[PDB]
Amino acid sequence: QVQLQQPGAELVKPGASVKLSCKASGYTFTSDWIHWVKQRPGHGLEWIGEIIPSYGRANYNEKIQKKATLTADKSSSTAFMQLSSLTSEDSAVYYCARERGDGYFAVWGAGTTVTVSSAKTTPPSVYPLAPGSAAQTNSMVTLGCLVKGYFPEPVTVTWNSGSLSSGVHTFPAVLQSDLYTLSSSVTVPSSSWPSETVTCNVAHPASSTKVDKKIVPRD
Amino acid sequence: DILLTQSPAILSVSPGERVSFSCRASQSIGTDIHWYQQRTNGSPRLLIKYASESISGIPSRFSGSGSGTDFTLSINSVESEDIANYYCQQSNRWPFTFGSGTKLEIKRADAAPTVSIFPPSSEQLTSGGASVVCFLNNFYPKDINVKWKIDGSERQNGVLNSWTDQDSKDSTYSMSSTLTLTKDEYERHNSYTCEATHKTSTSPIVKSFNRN
Amino acid sequence: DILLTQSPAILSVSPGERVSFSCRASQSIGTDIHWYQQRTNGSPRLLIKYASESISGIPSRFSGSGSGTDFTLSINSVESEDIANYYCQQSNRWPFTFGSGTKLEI
Amino acid sequence: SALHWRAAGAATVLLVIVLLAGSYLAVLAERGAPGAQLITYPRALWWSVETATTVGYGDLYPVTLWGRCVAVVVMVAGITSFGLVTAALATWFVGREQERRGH
Ligand SMILES: CCCCCCCCCCCC(=O)OC[C@H](CO)OC(=O)CCCCCCCC
Ligand SMILES: CCCC[N+](CCCC)(CCCC)CCCC
Ligand SMILES: CCCCCCCCCO
Ligand SMILES: CCCCCCC
Ligand SMILES: [Co+2]
């Protein structure tokens, strides 16, 4: 079971603060440290700080300006990082990780996407992508769904609740006038659709929305 | 702080080949180096600890070696799921530090794209917008050009494109091209076409539909 | 004696920007590096001791980092009163030695 | 039973506890000091053993105030405890020699 649970997203206004959580589960010892790691889009892993929850002592990266304050709650088993007075420089994925006091991060959170923007939250519109009537078919057919007008990142797109995996690519989103848009592409044997059903599921954590969209032939 | 240099930044290899990632520490750190794999949009995953120790669940394919200042992550016989970023990390001295990353790239056989064009949806038309979406899928090499034609005439405005990183399932690339119009602008034209020019053929691959 | 190299000799920056001064020791000296500010016609003034420790009265703007051979003095958001010469100093081994100086320019 | 052997036993248990708590507290004290090597638990336990026996190879050592206070407690406890074993052996030998003499 997921050892470390982080929210998918936080939207924060320039100059405002946010408090990220990281709920630990599994084997827990006094020797355990929880680390926080910052990753900007396309760049690498940068170490922010650590906390020993069994004692509450926290240490910080001295090379970088101090935006973080680390705390932990022994009873709820939750580590927190308070990020204060953010700018667009602070927009990133922030991972938590657990170290058993022996130097390596045995396990990582899935990460929280933090977007620092004035602009407002907006759930996506999900549209079907089925072939038009002249589209000649092969042994395979390509369907998709279009996920547009959302903010901020990210969205997660699955097919048939994750049970459809092979033949999927979801494209990186594009930003235009403070809104994101992407598409996902599934390819199944053509004989199997539309008899066997095909649905995309689009989760957008910043608006706590998850919508479904079934892909049916045009008419 | 201990500096961890990983050079080259990118590594190209042919399937089934043996690959070696390099990590050099600015001072001597015994064997206190750990290696992580991070796939596109995934979190890092521990592969090797203390320079050479196996983790359970990691394929036997992966090994590590080295001590002092020079460290190597090796993969016997690379395969598609190994397409990722690779980071080293030191725990010899406070603070822990990461290397900058080596990206692994696979050189597979050339492949032509599978093009698909999609008319806007009725749900979208209802909202007063129209998006024509074109997929250029599973091609190799990554270099590709998409062109739009409305009623025979090359269209350039309102076209946004997106490319995927190399695919960890088959080592190919994919691209989407999206022409966005108002319902109105979409109503006063008939045929919408998507053209893909790729290494694998001097002739473009073309897909189109008519609004009726 | 321990040689302390400070390069660049001059640093140009725009107001409110983050600036980093470099100090490199010819051998490893843990964290035994201290930083001084000297304004035009003034005496040196201690800013940071043992590589990262605050002095009281110094603006929170100033921080230090590093150990071994590589040291950094940083200023979050430079302002006019920061125009000065900046020197590092080592107390790891006898005799104490100074770096040659970085001038800050806005 | 006899005080010297009770105290030896007790010395040994105390020393084990000092080693373990010293390892944990040395890591606590030392993380957050740039350059510190005494920062993971397994080598900290080794470091505290080689400090208690006073062997001190120099592969590891604290660099902070509290790490060094921790180190001092560990030394004093290793020296003291091993001293107590020597004391208890001398009591044992002295008592047996009184006997062998008929005293
Ligand atoms: C002849 C006069 C002797 C005076 C010495 C007094 C030093 C003690 C406290 C001063 C606080 C300080 O700023 O030192 C801690 C220092 C923090 O920068 O780090 C250090 O590492 C100091 C190491 C001292 C370890 C001594 C342990 C002995 C039980
Ligand atoms: C062979 C070991 C003897 C080392 N001693 C005692 C051991 C301590 C565990 C050091 C004590 C000094 C405080 C004796 C000094 C030797 C001159
Ligand atoms: C003197 C021995 C007691 C330990 C001192 C404090 C422990 C580490 C604090 O962070
Ligand atoms: C504060 C308690 C002291 C711990 C023993 C040091 C080894
Ligand atoms: Co008598």
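Basis for what follows: all heavy atoms, side chains included, without hydrogens, waters or symmetry-related copies. Below, read A as the first sequence line, B as the second, and so on, with proteins coming before strands; counting in each chain starts at 1.
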request  = For residues 114-136 of chain B, pull every pair meeting salt bridge (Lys or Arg N to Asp or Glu O under 4.0 Å), keeping only residues two or more places apart or in separate chains.
outcome  = A/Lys213-B/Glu123
Side-chain donor-acceptor pair present, B/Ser74, B/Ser63, cut-off under 3.5 Å = no
ask   = If you round to the nearest 0.5 Å, how far is OG of A/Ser54 from CD1 of A/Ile34?
value = 10.5 Å
request  = Give a yes or no on whether B/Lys103 atom NZ has more than 12 heavy-atom contacts from other residues, nucleotides or ligands under 6.0 Å away.
outcome  = yes
task = Indicate whether the side chain of B/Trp163 and that of B/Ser174 have a donor and an acceptor atom separated by less than 3.5 Å.
result = no
Check: C/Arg18 main-chain N/O paired with A/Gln65 side-chain donor or acceptor under 3.5 Å = no
query = With sequence neighbours left out, what residues match A/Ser84 under side chain to side chain donor-acceptor pair (under 3.5 Å)?
reply = none
task = Test B/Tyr86 against B/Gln37 for side chain to side chain donor-acceptor pair (under 3.5 Å), laying out the working first.
result = CA-CA 5 Å; B/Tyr86 287 89; B/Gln37 176 192 82; 3.0 Å; yes
task = Output all residues satisfying salt bridge (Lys or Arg N to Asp or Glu O under 4.0 Å) with B/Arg45, sequence neighbours left out; order by chain, then residue number.
result = none
query = Hey, are A/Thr158 and A/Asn201 close enough side-chain-wise for a donor-acceptor pair under 3.5 Å?
reply = yes
request  = Establish, from distance only, whether the side-chain atoms of B/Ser80 and B/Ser168 form a donor-acceptor pair under 3.5 Å.
outcome  = no
ask   = Between A/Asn160 (side chain) and A/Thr199 (backbone), is there a donor-acceptor pair under 3.5 Å?
value = yes
ask   = Looking only at heavy atoms, which two atoms of B/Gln124 and B/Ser131 are closest? And how far apart?
value = NE2-OG, 2.9 Å
Mutual orientation of the aromatic rings belonging to A/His35 and B/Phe96 [parallel < 30°, tilted 30-60°, perpendicular > 60°] = parallel
inquiry  = Closer than 3.5 angstrom, by distance alone: can the side chain of B/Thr97 be matched with the main-chain N or O of B/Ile2 as a donor-acceptor pair?
reply    = yes
request  = Take B/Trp148 and B/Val132, measure what side chain to side chain contact (heavy atoms under 4.5 Å, CB included) needs, and give me the verdict at the end.
outcome  = CA-CA 10 Å; B/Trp148 287 89; B/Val132 201; 3.9 Å; yes
key: salt bridge (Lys or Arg N to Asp or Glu O under 4.0 Å) pairs, two or more places apart, involving residues 124-137 of chain B   = none
query = With distance as the sole criterion, is a donor-acceptor pair present between the side chains of A/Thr142 and A/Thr187 under 3.5 Å?
reply = yes
message = Tell me every residue that passes side-chain contact (heavy atoms from CB on, under 4.5 Å) with A/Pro14, counting only those two or more places apart in sequence or in another chain.
response = A/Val116
ask   = Ring centres of A/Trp108 and B/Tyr36 under 6.0 Å apart?
value = yes
Any side-chain heavy-atom pair of B/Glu81 and B/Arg61 under 4.5 Å = yes
message = Under 3.5 Å, is there a donor on one side chain and an acceptor on the other for B/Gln38 and A/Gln39?
response = yes
key: Test log, rule side chain to side chain contact (heavy atoms under 4.5 Å, CB included), inputs B/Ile55 and B/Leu47   = CA-CA 6 Å; B/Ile55 309 300; B/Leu47 300 169; 5.9 Å; no
key: A/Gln82 (side chain) donor-acceptor with A/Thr69 (main chain) under 3.5 angstrom   = no
request  = Would you please classify the geometry between the A/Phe151 ring and the A/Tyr180 ring as parallel, tilted or perpendicular, with 30° and 60° separating the classes?
outcome  = parallel
query = Does A/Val216 offer a backbone N or O that forms a donor-acceptor pair with the side chain of A/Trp193 under 3.5 Å?
reply = no
inquiry  = Under a 3.5 Å cutoff, is there a donor and acceptor pairing between the side chains of B/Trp94 and A/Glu50?
reply    = yes
B/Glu53, CD: over 12 other non-hydrogen atoms inside 6.0 angstrom = yes
key: Any residue meeting side-chain contact (heavy atoms from CB on, under 4.5 Å) with A/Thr170, in chain and number order, not counting sequence neighbours   = A/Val157, A/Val168, A/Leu182, A/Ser184
inquiry  = Would you say the ring centers of A/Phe171 and B/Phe135 fall short of 6.0 Å from each other?
reply    = yes
request  = Go through the structure and list residues passing side chain to side chain donor-acceptor pair (under 3.5 Å) with B/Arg108, not counting sequence neighbours.
outcome  = none
ask   = Which salt bridge (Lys or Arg N to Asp or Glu O under 4.0 Å) pairs, counting each pair once, include a residue from residues 127-144 of chain B, with sequence neighbours left out?
value = none
remark   = For A/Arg40, the side-chain contact (heavy atoms from CB on, under 4.5 Å) test, sequence neighbours excluded, returns A/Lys38, A/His43, A/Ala92
inquiry  = Keeping B/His34 on the side-chain end and B/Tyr50 on the backbone end, is there a donor-acceptor pair under 3.5 Å?
reply    = yes
inquiry  = Looking at A/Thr112 and A/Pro7, would you say the former's side chain and the latter's main chain have a donor-acceptor pair under 3.5 Å?
reply    = yes
Side-chain donor/acceptor of B/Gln89 to backbone N/O of A/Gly103, under 3.5 Å = yes
ask   = Using 30° and 60° as the class limits, which term best fits the ring planes of A/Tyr150 and A/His204: parallel, tilted or perpendicular?
value = perpendicular
request  = Please identify each residue that fulfils side chain to side chain donor-acceptor pair (under 3.5 Å) with B/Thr182, with sequence neighbours left out.
outcome  = none
task = Report the residues that fulfil side-chain contact (heavy atoms from CB on, under 4.5 Å) with C/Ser67, sequence neighbours left out, ordered by chain and then residue number.
result = C/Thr31, D/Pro34
note = CD1 (B/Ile33) and CD1 (B/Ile29) are apart, to the nearest 0.5 Å, by 4.0 Å
SG on B/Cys194 to CG on B/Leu136, rounded to 0.5 Å = 5.5 Å
ask   = Would you say the side chains of A/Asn59 and A/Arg57 form a donor-acceptor pair under 3.5 Å?
value = yes
ask   = Is the CZ atom of A/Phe29 crowded by more than 12 outside heavy atoms at less than 6.0 Å?
value = yes
From CA spacing to verdict: side chain to side chain contact (heavy atoms under 4.5 Å, CB included), A/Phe80, A/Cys22 = CA-CA 6 Å; A/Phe80 302 98; A/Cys22 170; over 6 Å; no
message = According to side chain to side chain donor-acceptor pair (under 3.5 Å), who are the partners of B/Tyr173, at least two apart in sequence or on a separate chain?
response = none
message = Tell me whether C/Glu79 contacts the main-chain N or O of C/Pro15 through its side chain, where contact means a donor paired with an acceptor under 3.5 Å.
response = no
ask   = Just checking, is any N or O donor in the side chain of A/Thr115 or A/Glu10 under 3.5 Å from an acceptor N or O on the other one?
value = no
ask   = For B/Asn138 and B/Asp167, does a side-chain donor sit closer than 3.5 Å to a side-chain acceptor?
value = no
task = Apply side chain to side chain contact (heavy atoms under 4.5 Å, CB included) to the pair B/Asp165 and B/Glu105, showing each step before the final yes or no.
result = CA-CA 10 Å; B/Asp165 265 282; B/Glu105 228 172 64; over 6 Å; no
inquiry  = When you compare the side chains of B/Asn85 and B/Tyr87, does any donor N or O come within less than 3.5 Å of an acceptor on the partner?
reply    = no
Check: A/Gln6 side chain, A/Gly111 main-chain N or O, donor-acceptor pair, under 3.5 Å = yes
key: Validation row: B/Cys88, B/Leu73 side chains within 4.5 angstrom (heavy atoms)   = no
